[PDB]
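What is reported rests on the model, the rules as stated and the sources as named; nothing here is a laboratory result. Virtual Cβ from ideal backbone geometry, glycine too; neighbours counted across all protein chains shown.
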Amino acid sequence: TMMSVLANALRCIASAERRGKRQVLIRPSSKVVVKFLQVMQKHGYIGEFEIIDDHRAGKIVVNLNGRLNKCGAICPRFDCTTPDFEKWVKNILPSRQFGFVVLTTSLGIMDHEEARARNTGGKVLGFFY
Amino acid sequence: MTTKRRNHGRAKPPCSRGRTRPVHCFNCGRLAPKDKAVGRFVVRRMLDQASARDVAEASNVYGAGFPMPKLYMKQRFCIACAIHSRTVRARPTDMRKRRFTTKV
Amino acid sequence: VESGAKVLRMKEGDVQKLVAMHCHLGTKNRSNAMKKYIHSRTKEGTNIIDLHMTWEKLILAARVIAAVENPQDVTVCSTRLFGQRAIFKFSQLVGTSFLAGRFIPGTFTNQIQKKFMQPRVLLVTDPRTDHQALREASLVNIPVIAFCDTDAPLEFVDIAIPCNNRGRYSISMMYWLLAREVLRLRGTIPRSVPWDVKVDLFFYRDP
Amino acid sequence: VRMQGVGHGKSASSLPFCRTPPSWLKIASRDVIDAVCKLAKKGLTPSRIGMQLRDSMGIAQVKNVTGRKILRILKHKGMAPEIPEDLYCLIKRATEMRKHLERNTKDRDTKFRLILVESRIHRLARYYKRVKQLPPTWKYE
Amino acid sequence: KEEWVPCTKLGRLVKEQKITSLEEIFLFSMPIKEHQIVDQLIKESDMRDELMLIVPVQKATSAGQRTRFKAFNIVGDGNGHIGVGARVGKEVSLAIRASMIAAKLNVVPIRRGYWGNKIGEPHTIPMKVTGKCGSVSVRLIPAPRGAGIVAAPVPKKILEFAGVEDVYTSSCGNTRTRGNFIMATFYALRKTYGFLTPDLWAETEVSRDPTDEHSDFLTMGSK
Amino acid sequence: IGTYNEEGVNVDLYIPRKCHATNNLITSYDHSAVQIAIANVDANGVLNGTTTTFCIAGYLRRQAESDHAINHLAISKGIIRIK
Amino acid sequence: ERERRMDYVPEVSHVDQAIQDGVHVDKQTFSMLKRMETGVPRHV
RNA sequence: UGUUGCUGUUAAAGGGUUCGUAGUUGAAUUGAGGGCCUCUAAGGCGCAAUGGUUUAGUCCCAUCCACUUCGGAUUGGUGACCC
RNA sequence: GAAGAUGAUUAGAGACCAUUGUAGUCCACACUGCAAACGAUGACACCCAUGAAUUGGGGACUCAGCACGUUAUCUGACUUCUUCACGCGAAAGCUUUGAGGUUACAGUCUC
């Protein structure tokens, strides 16, 4: 089976992006997968997306503008902290300039940049370039 | 080691059988799997052309009267067997991959 | 295009010619990448090409050769007798360079060779056996336009015109339409008259 | 994937995309209920009750034309079986294999199958004593 | 050198003042087929030519054997242009002369960004990149200022060429075959512009090729 | 557009071209990334002069996705008619 | 080369277009034509 | 010795297969709200008005009739649509 | 037909070959679990393109409102492109059927 929802979604996006395809299908939907997409659509990396309803589990559909290069998943959801933002941001990303790690917090779902700003660490979620 | 042949010299595909019955040779009595073994179909004459004339003379109810029968057989050979009578020969890379199916 | 008066649009007599000389059909075999072009299949099993599709492709390729102001930089290439004739008659009018008979390797890449040339653009009768040309267009930054059999691959073909390349009367039509319209947009032959000379000049004859 | 041994199949039954009752079903909740319980007294399992209903009366789903499905009906009227459907069936198949094997101890296939069916029944058992639906002293044998 | 005759469109333009820089040629992708295109545009007193390797190769023959010499050249400007030749000639001086030609054909520009501190002009690669030839693959990591060129002497050269003064690196696989290491390192420094970043995109406009604009004068050129 | 300093001054040698189809950076290295220039036409068949431009990437001629994308680009700009 | 004289007054051109010479073609071709903006041309 | 960051087709290395406990890992739902005023803040595939002789168009019409690939014709026409 | 016996072959030869021949080869009930038991490719799950076929099911009087075939579609299996796309690999090769999606290194478990 699949033991991470995110992993199932963002291996469709990455593959599709490397083939230059301008839409992708996503088999499941979660409250979580939504939030992840939302982020990247603000910062300009996605055109739009639709959630469709089968009344069992939804099928997300996304429009890629080709502005992504990867969307990963950090699977164990390891604990990152106020000092350790530095660590992750160096090690898994090609840059500090345009690398975006996305984290979970009690507050919501947000970029590392906004995480530091509000001074709360948390468990990591995923990342994109 | 190196995969010289994809099908391994067999008409047996991976992940299906893994066992196909042995079959004797009409040369040396060697056994090999049926798929490996080298099939040919002979259609062997019962008379040479030269002699066919002479016998068809003395015939009235045969030859002219009915076309002569032939001995049919299937011949399953071993690898070594085939090669030595040069009915199968080594081929260059591009040609080895070619097949002619079961047609002659 | 627009703004425009429905200019360079298919007409009665245009269609009348195409149907007649049987360039509306393709080749019998189903496509490997040109599946979209095909409109149904006949009870002879031959795949008809849609007319509107083909027409727009032709107008497109006109806009390309119109955008070269020194026509000699465009090349035409055939390796088939049926297109051979039509090349020569085209290179007179439009003023394109050409090589026909057979493509020779290193005419677009080999420096030490007196048959060396650097095209801006390239055409072909068949991308299948003119293929050597295309693969040397790739490394010199030269776009391509081809006359594609439905069967044919589209590898190293940027723009593609669906076509039948079987028989004389098929191929001649296509070159004739291009040449016509090109000269209507450059040197301003009007579309008011039917074009000056005949498709029979573009037919291979044998000497 | 198939639980034990090889198999991938996609043979399945979908749902309606309309969860409200058809216009050609003008039958009320009560009629549906009555039909279920009536049939049940023959000793029919819910699986065949639903089949009889859908085919004869055109019922889309029991759940669509009543507020509840087939077991909930039965339970409330005290006709429900105390051995779940899936468990019972396996035990029947099991015993029948054991007959065949009693006679034929050379039979390789049905032996291996019985091993499967056994451990499968055990999985069910374990389940239904976590989620109470059998006594907590239940065992296959 | 000896007097030169262009057989290339580009070559003609470069011999005139029409194309006045590498940038024009690069920006609308066109191959450089004559090394004389480099020398004319980029003046000497910016260019450097080093020989990274010269080694014997041997080809087997019955009885005695023929020999040859492989060699590499490396070339470029510290303003962010690099290019690596490798060639083969039956004598020393042959393969040397040949290398330097090929090298100047293969020239490619270099993007240098920052580490997240912006002062002066670029001192650091814009991102991590990798390049691979054979089993070796290099990982270039961007470093803060004052780090220096932290790599082995072989890539230290190759990085000095490309104007990268601050980097941290590591290699993998067999690195003790010299030739493979060079090509690897070079493919890394290409991959910069091959990667899309937010700073670059804005749907930047394209315009006509130098070739096209100057077509008339190339016609006259032919005469 | 491009890398800047804290002083706002461009540091780049050049800003590479866009492939409109995939919105990816056309490299100098790719020589299969062709720039196709079509000449526009108005009423009475007069050329406006070369105005529009397409740019195709060299990753679209390694499987011939080129044709496909050119159509979607064209059709959107009203250049190619669909019914 | 100039043994090739292909100049004839219509000849094969308008004959093929049918002056009344006729053209007949598949019923799929027919269906395509009549759904075009041009519609069927005469003699088809 | 590769948690960060290893390898196992052929180079050292996937167990002959299946069942199966400890152990490890495990799908989706509950839902993170709104209005009135200012702001040229943007978009508009909403829209009353009224503008525009081809100072911009296409369908209809007029005249030809051209067997078939000419046209123009004015107020054309709350038409279409454009600033 | 191992072992054994006899005849050759050979410088030497139960050799390889020839004529024989015991255990064994077969079956029932017990053990053994030692194979290149191989696809030298662990198991489950997701994404991933080109063409032509085959194997089952489904879709548009008398074992008989039947059976086969063609066109088209679909789900499940085995594999070919000797025009398999991207990509990977030291190369040979691998390609929805992965050794691909991996230094931009993290789906899960185990040996």
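Answer yes if at least one residue in segment C:103-117 is touching a residue at least 24 places away in the same chain (Cβ under 8 Å) and touching a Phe, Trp or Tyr at 6+ places or on another chain (Cβ under 6 Å), and no otherwise. Reasoning before the result, please.
First, pick out the residues of segment C:103-117 that are touching a residue at least 24 places away in the same chain (Cβ under 8 Å): C:103, C:105-109, C:117.
So of that shortlist, the ones also touching a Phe, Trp or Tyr at 6+ places or on another chain (Cβ under 6 Å) come out as none.
For segment C:103-117, residues touching a residue at least 24 places away in the same chain (Cβ under 8 Å) and touching a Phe, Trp or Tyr at 6+ places or on another chain (Cβ under 6 Å): absent.
Would you check if E:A102 is surrounded by 15 or more Cβ atoms within 10 Å (Cβ to Cβ) and not assigned by CATH to the domain that holds E:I141?
Values: surrounded by 15 or more Cβ atoms within 10 Å (Cβ to Cβ): yes; not assigned by CATH to the domain that holds E:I141: yes.
For E:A102, the condition - surrounded by 15 or more Cβ atoms within 10 Å (Cβ to Cβ) and not assigned by CATH to the domain that holds E:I141 - is met.
Go through (1) away from chain F (no Cβ under 14 Å); (2) buried (at least 20 other Cβ atoms within 10 Å of the Cβ); (3) away from RNA strand H (no atom under 16 Å from the Cβ); (4) among the aromatic types (F, W, Y) one by one and return the number of the condition C:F116 breaks.
Just one mismatch for C:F116, condition (2).
Across segment D:104-128, what is the total count of residues that are within 13 Å of D:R93 (Cα to Cα), of a type in the set (V, I, T) and within 16 Å of RNA strand I (Cβ to nearest atom)?
1
Can E:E121 be described as in contact with a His (Cβ under 6 Å, 6 or more places away or on another chain) and within 26 Å of E:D49 (Cα to Cα)? Before you say what the answer is, go through the steps one by one.
Numbers: in contact with a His (Cβ under 6 Å, 6 or more places away or on another chain): no; within 26 Å of E:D49 (Cα to Cα): yes.
No, not satisfied.
Of all residues in segment E:187-216, which are more than 16 Å from F:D30 (Cα to Cα), in contact (Cβ under 8 Å) with a residue 40 or more places away in the chain and not in a loop (DSSP other than H, G, I, E, B)?
E:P210, E:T211
State all residues of segment D:38-51 that are over 16 Å from the mean Cα position of the chain (by Cα) and not in a loop (DSSP other than H, G, I, E, B); if no residue qualifies, say none.
D:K38
Please state which of the following conditions C:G187 fails to meet, knowing it meets all the rest: (1) of a type outside the set (A, V, I, L, M); (2) under 30 Å from F:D42 (Cβ atoms); (3) buried (at least 17 other Cβ atoms within 10 Å of the Cβ).
Unmet condition: (3).
Restricting attention to segment A:42-49, does a residue exist that is within 13 Å of RNA strand H (Cβ to nearest atom) and assigned by CATH to the domain that holds A:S15?
To start, the set of residues in segment A:42-49 that are within 13 Å of RNA strand H (Cβ to nearest atom) comprises A:47-48.
Pick out the ones that are also assigned by CATH to the domain that holds A:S15 and you get A:47-48.
Yes, segment A:42-49 has at least one match.
Is there a residue in segment E:143-157 that is within 14 Å of RNA strand I (Cβ to nearest atom), among the charged types (D, E, K, R) and closer than 22 Å to E:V75 by Cα?
Scanning segment E:143-157 turns up no residue that is within 14 Å of RNA strand I (Cβ to nearest atom), among the charged types (D, E, K, R) and closer than 22 Å to E:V75 by Cα.
Would you confirm, using the coordinates I've provided, whether A:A117 is in a helix (DSSP H, G or I), more than 13 Å from RNA strand H (Cβ to nearest atom) and crowded, with 16+ Cβ neighbours inside 10 Å? Before the answer, list the steps.
Values: in a helix (DSSP H, G or I): yes; more than 13 Å from RNA strand H (Cβ to nearest atom): yes; crowded, with 16+ Cβ neighbours inside 10 Å: no.
For A:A117, the condition - in a helix (DSSP H, G or I), more than 13 Å from RNA strand H (Cβ to nearest atom) and crowded, with 16+ Cβ neighbours inside 10 Å - is not met.
When residues of segment F:32-58 are filtered for being at the interface with another protein chain (Cβ under 7 Å from one of its Cβ atoms) and either part of a loop (DSSP other than H, G, I, E, B) or under 13 Å from the mean Cα position of the chain (by Cα) (or both), how many remain?
13
Scanning segment A:1-21 for residues that are more than 19 Å from A:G47 (Cα to Cα) and either among the polar types (S, T, N, Q) or more than 15 Å from RNA strand H (Cβ to nearest atom) (or both), which turns out surrounded by the most Cβ atoms within 10 Å (Cβ to Cβ)?
So the first thing to find is which residues in segment A:1-21 are more than 19 Å from A:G47 (Cα to Cα), and the list is A:1-8.
Next, only the ones that are either among the polar types (S, T, N, Q) or more than 15 Å from RNA strand H (Cβ to nearest atom) (or both) stay: A:1, A:4, A:8.
Working: A:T1: 4, A:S4: 14, A:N8: 17.
So the residue we want is A:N8.
Listed here are the residues, each with its yes/no results for (1) at the interface with chain F (Cβ under 9 Å from one of its Cβ atoms); (2) closer than 24 Å to G:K27 by Cα; (3) among the acidic types (D, E); (4) away from RNA strand I (no atom under 16 Å from the Cβ).
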{"residue": "C:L25", "(1), (2), (3), (4)": "no, yes, no, yes"}
{"residue": "C:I38", "(1), (2), (3), (4)": "no, yes, no, no"}
{"residue": "C:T42", "(1), (2), (3), (4)": "no, yes, no, no"}
{"residue": "C:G45", "(1), (2), (3), (4)": "no, yes, no, no"}
{"residue": "C:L58", "(1), (2), (3), (4)": "no, no, no, yes"}
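Among the residues of segment C:189-207, write down those that are more than 8 Å from chain G (Cβ to nearest Cβ) and farther than 15 Å from C:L177 by Cβ.
C:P190, C:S192, C:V193, C:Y204, C:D206
List every residue pair whose Cβ atoms lie under 6 Å apart, where the two residues are 6 or more positions apart in sequence or sit on different chains, the first residue falls within segment A:1-19 and is more than 14 Å from chain F (Cβ to nearest Cβ), and the second residue, located anywhere, is in a helix (DSSP H, G or I) and within 16 Å of RNA strand H (Cβ to nearest atom).
A:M2/A:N8; A:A9/A:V33
Quick one: which residue in B:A32, B:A11 is in contact with a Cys (Cβ under 8 Å, 6 or more places away or on another chain) and either under 24 Å from B:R98 (Cα atoms) or near RNA strand I (Cβ under 10 Å from one of its atoms) (or both)? Lay out the reasoning, then the answer.
Working: B:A11 fails: in contact with a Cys (Cβ under 8 Å, 6 or more places away or on another chain).
Among B:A32, B:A11, only B:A32 is in contact with a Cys (Cβ under 8 Å, 6 or more places away or on another chain) and either under 24 Å from B:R98 (Cα atoms) or near RNA strand I (Cβ under 10 Å from one of its atoms) (or both).
So which residues in segment A:72-90 are away from RNA strand H (no atom under 14 Å from the Cβ) and either among the β-branched types (V, I, T) or assigned by CATH to the domain that holds A:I46 (or both)?
Of everything in segment A:72-90, those that are away from RNA strand H (no atom under 14 Å from the Cβ) and either among the β-branched types (V, I, T) or assigned by CATH to the domain that holds A:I46 (or both) turn out to be A:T81, A:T82.
Looking only at residues in segment D:67-117 that are in a helix (DSSP H, G or I), among the aliphatic types (A, V, I, L, M) and under 14 Å from the mean Cα position of the chain (by Cα), which one is farthest from RNA strand H (Cβ to nearest atom)?
We begin by selecting, within segment D:67-117, every residue in a helix (DSSP H, G or I); these are D:70-76, D:85-103, D:109-117.
Of the ones still in play, those that are also among the aliphatic types (A, V, I, L, M) are D:70-71, D:73-74, D:87, D:90-91, D:94, D:97, D:101, D:114-117.
Still in the running and under 14 Å from the mean Cα position of the chain (by Cα): D:70-71, D:74, D:87, D:90-91.
On the way: D:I70: 21, D:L71: 19, D:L74: 24, D:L87: 15, D:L90: 12, D:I91: 16 Å.
The qualifying residue farthest from RNA strand H (Cβ to nearest atom) is D:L74.
Just checking, does segment C:151-160 include any residue being touching a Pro at 6+ places or on another chain (Cβ under 6 Å), under 21 Å from F:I70 (Cβ atoms), surrounded by 21 or more Cβ atoms within 10 Å (Cβ to Cβ) and more than 10 Å from chain F (Cβ to nearest Cβ)?
yes
Looking at chain G only, could you name the residues that are aromatic (F, W, Y) and either within 16 Å of RNA strand I (Cβ to nearest atom) or under 30 Å from C:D206 (Cβ atoms) (or both)?
Correct list: G:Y8 only.
Taking the options C:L60, C:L25, name whichever one is among the hydrophobic types (A, V, I, L, M, F, W, C) and more than 30 Å from E:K9 (Cα to Cα).
Residue meeting the stated conditions: C:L25.
Among the residues of segment G:34-44, are any part of a helix (DSSP H, G or I), facing chain C (nearest Cβ under 7 Å), touching a helix residue (DSSP H, G or I) at 6+ places or on another chain (Cβ under 9 Å) and not aromatic (F, W, Y)?
no
Would you be able to tell me the number of residues in segment C:57-99 that are among the charged types (D, E, K, R) and either outside any helix (DSSP H, G or I) or surrounded by fewer than 21 Cβ atoms within 10 Å (Cβ to Cβ) (or both)?
Final tally of qualifying residues: 3.
Can you spot a residue in segment E:38-58 that is part of a helix (DSSP H, G or I) and in contact (Cβ under 8 Å) with a residue 60 or more places away in the chain?
yes
Kindly provide the set of residues from segment A:53-99 that are within 10 Å of chain E (Cβ to nearest Cβ) and either aromatic (F, W, Y) or in contact (Cβ under 8 Å) with a residue 40 or more places away in the chain (or both), ordered by number.
A:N65, A:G66, A:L68, A:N69, A:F98
Test B:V55 against the criterion of being of a type outside the set (S, T, Y), free of Cβ contacts under 8 Å to residues at least 12 places away in the same chain and surrounded by 10 or more Cβ atoms within 10 Å (Cβ to Cβ), and give yes or no. Before you say what the answer is, go through the steps one by one.
Numbers: of a type outside the set (S, T, Y): yes; free of Cβ contacts under 8 Å to residues at least 12 places away in the same chain: yes; surrounded by 10 or more Cβ atoms within 10 Å (Cβ to Cβ): yes.
Yes: the conditions hold for B:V55.
Could you check segment A:1-92 for strands (runs of 3 or more DSSP E) lying wholly inside it with 1 or more residues that are of a type in the set (G, A, S) and within 14 Å of RNA strand I (Cβ to nearest atom)?
A:71-73
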